[PDB]
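K.L.:
One structure, pasted below without further comment.
For neighbour counting, all protein chains shown are included, and Cβ atoms are generated from backbone atoms with ideal geometry for every residue, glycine included. Readers should treat all values here as calculations from the given coordinates under stated rules, not as data from a laboratory.
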Amino acid sequence: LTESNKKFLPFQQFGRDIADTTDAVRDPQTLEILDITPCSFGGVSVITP
Amino acid sequence: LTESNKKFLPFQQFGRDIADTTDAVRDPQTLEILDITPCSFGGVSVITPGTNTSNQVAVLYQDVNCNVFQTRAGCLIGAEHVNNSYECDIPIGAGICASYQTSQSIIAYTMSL
Amino acid sequence: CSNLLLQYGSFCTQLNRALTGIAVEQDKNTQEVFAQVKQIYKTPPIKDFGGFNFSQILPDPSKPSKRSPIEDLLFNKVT
Amino acid sequence: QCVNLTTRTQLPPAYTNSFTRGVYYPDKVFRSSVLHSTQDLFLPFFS
Amino acid sequence: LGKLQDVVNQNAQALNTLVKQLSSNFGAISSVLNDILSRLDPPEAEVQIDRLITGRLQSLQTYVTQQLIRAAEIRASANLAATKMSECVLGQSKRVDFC
Amino acid sequence: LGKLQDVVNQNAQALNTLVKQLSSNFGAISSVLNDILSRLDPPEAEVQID
Amino acid sequence: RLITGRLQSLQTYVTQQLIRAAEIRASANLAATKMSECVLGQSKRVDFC
Amino acid sequence: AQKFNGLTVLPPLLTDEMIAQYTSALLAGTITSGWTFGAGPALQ
Ligand SMILES: *[C@@H]1O[C@H](CO)[C@@H](O[C@@H]2O[C@H](CO)[C@@H](O)[C@H](O)[C@H]2NC(C)=O)[C@H](O)[C@H]1NC(C)=O
Ligand SMILES: *[C@@H]1O[C@H](CO)[C@@H](O)[C@H](O)[C@H]1NC(C)=O
Ligand SMILES: *[C@@H]1O[C@H](CO)[C@@H](O)[C@H](O)[C@H]1NC(C)=O
Ligand SMILES: *[C@@H]1O[C@H](CO)[C@@H](O)[C@H](O)[C@H]1NC(C)=O
């Protein structure tokens with residue numbers, strides 16, 4: 001939940017993106033706009049001599 | 001139910017084709033052979049002159065038989081046919097295109113090779 | 001989903017191998033296209049080629065990218 | 001309590017044409033720089 | 001530029017379609033697999049998860065085939081470009097209407 | 001010779017992948033159809049066979 | 001199951017048509033090169049025209 | 001035919017008359033100019 005720089009209109013609780021994924025939800029008790037990002041993923045590549 | 005020109009043997013009621021579709025049936029009332037043809041269908045197409053050039057569009061039919069010009073690639077409406085030929089830019093098919101030329105309106109003409 | 005995925009992990013292996021082959025093929029394409037020569041030739045400091053102006057295709061030292069203005073325009077034109 | 005009115009000469013209603021009216025927010029989400037299409041009750045244009 | 005734009009737009013729209021395929025139930029009662037697991041009984045829940053996996057596996061194969069065809073086309077174009085480079089750039093080509 | 005070895009290995013691995021795919025159940029209760037035929041009646045085991 | 005089978009048949013037909021179209025593109029490129037070289041001039045490539 | 005089941009065919013952009021005209025023009029160019037018309041203006 002990172003700190004965003006985009007404000008929300010005072011009637012919205014959700015938020016989506018171009019790819020239609022919920023990645024911005026407003027916290028209800030202090031009215032902060034927080035982004036949603038997946039933690040991490042990847043693959044274990046190895047180099048062999 | 002069109003009028004056929006082929007007769008059936010006097011023991012049959014149905015009739016199929018190469019593609020195995022029932023397209024001929026004898027009428028039991030007067031022993032009349034009638035063809036079966038599927039009802040018309042297709043897809044509409046839009047001819048656009050482009051952004052910041054015009055606003056009006058033309059509607060093109062693929063294989064539906066019918067200001068209005070009957071092309072070899074279906075039915076074209078909204079584009080006036082003109083006998084002269086220029087170099088075309090928007091392809092349609094069967095050797096005829098559409099273009100926006102002088103007010104100014106969308107016209108259809110045979111291509112110039 | 002993983003407990004049901006062992007019935008199609010072989011298809012998953014096939015698609016992963018196909019994607020890996022596609023990636024290594026596109027990696028090899030750049031080697032077969034641009035790596036024609038193995039010696040890097042520096043442009044001469046003398047620009048007098050008998051009157052031929054080559055500044056539009058040769059890199060310029062005015063910009064840090066060192067990309068030719070034609071190449072920079074090509075980069076800026078396509079998204 | 002309510003009272004009744006009296007008959008009088010009135011005017012028949014007229015018909016007018018709308019011009020880009022009857023558009024509202026179909027949801028309560030935030031959408032920026034996207035073109036999203038939704039199926040919801042709206043007012044027709046040029047009706 | 002036309003040739004350089006289609007190779008990016010087709011990949012972007014294929015990725016968008018792959019994203020959108022997860023929003024369909026494929027004939028089941030829900031799109032997300034968590035709701036059926038957290039709402040229905042364990043014995044019955046195994047026939048909706050199977051439908052979801054079959055639908056997504058069917059979705060994941062057409063994209064692979066399309067990418068393989070696109071990669072073959074890109075290989076053909078890259079071979080043509082390499083030959084054109086080696087002939088017209090790396091010397092003078094006598095082939096008329098080739099460079 | 002990289003290319004000939006690569007194509008031979010690819011063909012062999014594809015055929016072996018098909019052979020090992022024959023050993024998969026695809027979400028059913030067994031892989032071989034003979035076990036399902038011997039253990040379950042054909043009217044009931046039609047969906048698994050399909 | 002009818003929709004799934006018809007979709008499978010349509011996808012198989014689409015893949016076959018795409019492979020045929022790729023082969024047609026290769027043949028058309030070969031024909032275009034032949035028209036550019038052997039027809040639109042004299043080609044020095046031996047055993048090509 | 002093969003169009004009764006929604007399998008409509010698309011007519012070609014170039015009719016056979018136009019391809020015949022293109023081939024005749026190429027033949028006339030290659031018998032009256034050789035290779036000059038294929039790499040610039042036509043020279044008799
Ligand atoms: C080669 O061409 C470039 C064009 O980019 C010339 O650069 C221009 O030169 C004129 C003359 O002073 C200037 O007014 C322009 O501002 C220059 N443009 C750029 C982008 O630099 C260059 O002078 C030419 N060189 C020769 C030797 O002819
Ligand atoms: C939520 O309520 C608390 C008190 O219950 C209040 O202090 C706080 O400001 C409220 N948050 C808002 C209004 O965003
Ligand atoms: C289209 O229909 C009209 C009237 O129904 C008919 O006269 C005309 O011949 C038809 N066109 C074709 C190509 O059959
Ligand atoms: C075009 O000119 C020819 C010349 O004879 C004429 O027959 C034809 O009717 C003209 N078409 C239109 C649409 O004016």
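K.L.:
Quick check: net charge around G:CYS49, other residues with Cβ under 15 Å of its Cβ, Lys/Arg +1 and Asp/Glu -1?
P.N.:
+2
K.L.:
Scaled to the compact-protein estimate 2.2 N^0.38 Å, what is the alpha-carbon radius of gyration of the protein assembly as shown, rounded to two decimal places?
P.N.:
1.39
K.L.:
Let me check I've understood the local charge: for B:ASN65, count other residues with C-beta under 14 angstrom from its C-beta, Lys and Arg +1, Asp and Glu -1. What total comes out?
P.N.:
For residues surrounding B:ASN65, the net value is +1.
K.L.:
Moving on. Using the 10 angstrom Cβ neighbour count as an exposure proxy, how do D:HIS36, B:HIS81 rank, fewest first?
P.N.:
Starting with the residue having the fewest Cβ neighbours, the order is D:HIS36, B:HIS81.
K.L.:
Can you list the residues, at least 5 places off or on another chain, whose amide H is less than 5 Å from the amide H of A:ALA24, using H built in the peptide plane?
P.N.:
So A:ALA24 has HN proximity to A:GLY15, A:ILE36.
K.L.:
How far is it, in nm, from the label point at D:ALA14 to the one at A:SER40 when both lie 7 Å from their Cα along the line to the Cβ?
P.N.:
Those two pseudo-labels are separated by 7.1 nm.
K.L.:
Moving on to the next point. How large is the translational diffusion coefficient of chain B in µm² per second when you combine the Kirkwood radius over alpha carbon pairs with Stokes-Einstein at 25 °C and 0.890 mPa s?
P.N.:
Answer from the Stokes-Einstein relation: 142 µm²/s.
K.L.:
Given the pairs E:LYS20/H:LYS3; C:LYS28/G:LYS44; B:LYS7/H:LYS3; A:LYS7/E:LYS20, which span a C-alpha to C-alpha distance of over 29 angstrom in this model?
P.N.:
The answer is E:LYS20/H:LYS3; C:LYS28/G:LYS44.
K.L.:
Using the Cα centre as the reference, give the magnitude of the dipole from point charges on the C-beta atoms of the protein assembly as shown (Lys, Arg: +1; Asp, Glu: -1; all else neutral), rounded to the nearest 20 debye.
P.N.:
1400 debye
K.L.:
Below 11 angstrom from the Cβ of A:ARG16, what's the summed charge of the other residues (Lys, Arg +1; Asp, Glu -1)? Present the calculation step by step, with values, prior to reporting the outcome.
P.N.:
Numbers: positive: D:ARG31; negative: A:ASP17, A:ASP20, A:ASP23, D:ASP27.
Taking every other residue near A:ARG16 into account, the sum is -3.
K.L.:
Just to check I understand the Karplus step: with θ = phi - 60° and J = 6.51 cos²θ - 1.76 cosθ + 1.60, what whole-Hz values come out for region A:32-39, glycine and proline as x?
P.N.:
Working through the residues one at a time gives 10, 9, 10, 8, 10, 9, x, 4 Hz.
K.L.:
I'd like the antiparallel share, as a percent to the nearest 5, of DSSP beta bridges with both residues in the protein assembly as shown.
P.N.:
Antiparallel: roughly 95 percent of the beta bridges in the protein assembly as shown.
K.L.:
Within a 10 angstrom radius of the beta carbon, how do A:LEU34, D:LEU41 rank from fewest other beta carbons to most?
P.N.:
Ascending number of Cβ neighbours within 10 Å: D:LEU41, A:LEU34.
K.L.:
Looking at chain B, send over the antiparallel percent of its DSSP beta bridges, to the nearest 5. Mind dumping the intermediate values first?
P.N.:
On the way: 26 of 28 bridges.
Of all bridge pairs located within chain B, approximately 95 percent are antiparallel.
K.L.:
A follow-up question, please. List the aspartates and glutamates whose Cα lies under 17 Å from the Cα of E:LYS94, skipping any in the same chain that are fewer than 8 positions away.
P.N.:
Counting by Cα, and skipping residues close in sequence, E:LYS94 has these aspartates and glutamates nearby: G:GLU37, G:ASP47.
K.L.:
Something else about it: Pairs of Cα atoms under 8 Å, at least six residues apart: use those to get the relative contact order of chain E, whole percent.
P.N.:
Relative CO of chain E lands at 20 percent.
K.L.:
Moving to a separate point now. Within 10 Å of each residue's Cβ, count the other Cβ atoms and sort D:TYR24, B:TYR86, C:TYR8 from fewest upward.
P.N.:
D:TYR24, B:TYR86, C:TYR8
K.L.:
For chain C, what is the convex hull (Cα atoms) projected area averaged across all directions, in square nanometres?
P.N.:
9.9 nm²
K.L.:
By how many degrees, between 0 and 90 and to the nearest 10, does the Cα long axis of helix E:3-20 differ from the longest principal axis of chain E?
P.N.:
Around 10 degrees separate the two axes.
K.L.:
Could you give me the ³J(HN,Hα) list for region C:24-31, computed from phi with Karplus coefficients 6.51, -1.76, 1.60 and θ = phi - 60°, whole Hz, x at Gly and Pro?
P.N.:
Along region C:24-31, the couplings run 5, 5, 5, 5, 6, 4, 5, 5 Hz.
K.L.:
In terms of modelled amide H atoms, which long-range or inter-chain residues lie less than 5 Å from the amide H of B:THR71?
P.N.:
B:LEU76
K.L.:
Here is a follow-up. Given charges of +1 on the Cβ of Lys and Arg and -1 on the Cβ of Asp and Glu, with all other atoms neutral, how large is the dipole of chain C about its Cα centre, in debye to the nearest 20?
P.N.:
140 debye
K.L.:
In addition: Using only the Cα atoms, work out Rg/Rh for chain H, with Rh taken as the Kirkwood radius, to two decimals.
P.N.:
Radius of gyration over Kirkwood radius for chain H works out to 1.37.
K.L.:
Report the semi-axes of the equivalent ellipsoid for chain E in whole Å, largest first, where each axis is √(5λ) for an eigenvalue λ of the Cα gyration tensor.
P.N.:
49, 12, 8
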